[PDB]
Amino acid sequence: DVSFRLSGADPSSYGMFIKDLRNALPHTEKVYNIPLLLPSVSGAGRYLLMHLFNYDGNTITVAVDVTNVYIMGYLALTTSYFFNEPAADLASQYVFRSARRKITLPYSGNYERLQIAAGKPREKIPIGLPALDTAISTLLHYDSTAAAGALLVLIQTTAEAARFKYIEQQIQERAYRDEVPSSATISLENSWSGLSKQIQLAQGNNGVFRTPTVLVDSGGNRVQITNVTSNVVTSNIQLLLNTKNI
């Protein structure tokens, strides 16, 4: 399992958490020195448990599928909650089975359905360590509309930061003051599967993407990533989605 406490959190302890989260994900190979997540894991071992504690010390446990870093559901006190999607229903066969009751959220876990549920795109929802403390708190008691925005904060501040060093840094910059994600952050999130695929296709193709990936950079400008020598590949991405899952 991995854990993160908001009480006394700072950029250093958040970075220790994101490092523990990356290191908990199994891999057998690296591709261009980036860990390649597994095609598949059977049974309970598919799910990592992330114990998150709000500033008051209240806790939820979040289940994350280790092949794709997708959050499947969470336990808060004696109730489990899962997204309304078959991968999550599958996860509910393995994790939090000792919950006294199980609620299926009224949406799946993808960004488009979550933003519809929340009533706002994630361009407009501040993220940071304080937003994550709020998100944990929100999830402690069921409210499906509030939970969709809490989950948009939770996914970005845990999974997306694990995938991209730039997003980990953005959150560290927001340790004591939330701010909406930069356009670059949103771009990276939206590009993780595409980048993961092109980095794998570049093995076999002399380091060159079969298809260029368009990203927004730190200055707000749209740029084309065409091969492994790009800073996004050498310095930023930390985990690749296996092409078997794309």
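Numbers follow the displayed sequence, beginning with 1.
Out of 3 to 11 and 237 to 245, which stretch has the higher average CA B-factor listed in the record?
Mean B over CA atoms: larger for 237 to 245.
Entry-level comparison of average CA B-factors, 58 to 66 and 36 to 44, reporting the higher stretch
Result: 36 to 44.
Going by the deposited entry, which of 142, 94, 164, 107 has the highest CA temperature factor?
The record points to 94.
Considering only 172, 98, 79, 157, which residue's Cα atom bears the greatest B-factor as recorded?
Across 172, 98, 79, 157, the entry lists the biggest C-alpha B-factor for 98.
Tell me, lowest, middle or highest third: where does the Cα B factor of residue 215 rank within its chain?
Within its chain, residue 215 is a highest-third residue by C-alpha B-factor, going by the deposited values.
Residue 90's Cα B-factor: lowest, middle or highest third of the chain?
Residue 90: CA B-factor falls in the highest third of its chain.
Going by the CA temperature factor in the PDB record, which third of the chain does residue 188 belong to: lowest, middle or highest?
Tercile = lowest for this residue's CA B-factor.
Position of residue 202 among the chain's modelled residues by C-alpha B-factor, lowest, middle or highest third:
As the PDB entry reports it, the C-alpha B-factor of residue 202 lands in the highest third of its chain.
Modelled-residue ranking by C-alpha temperature factor, third containing residue 49:
It belongs to the middle third of the chain when residues are ordered by C-alpha B-factor.
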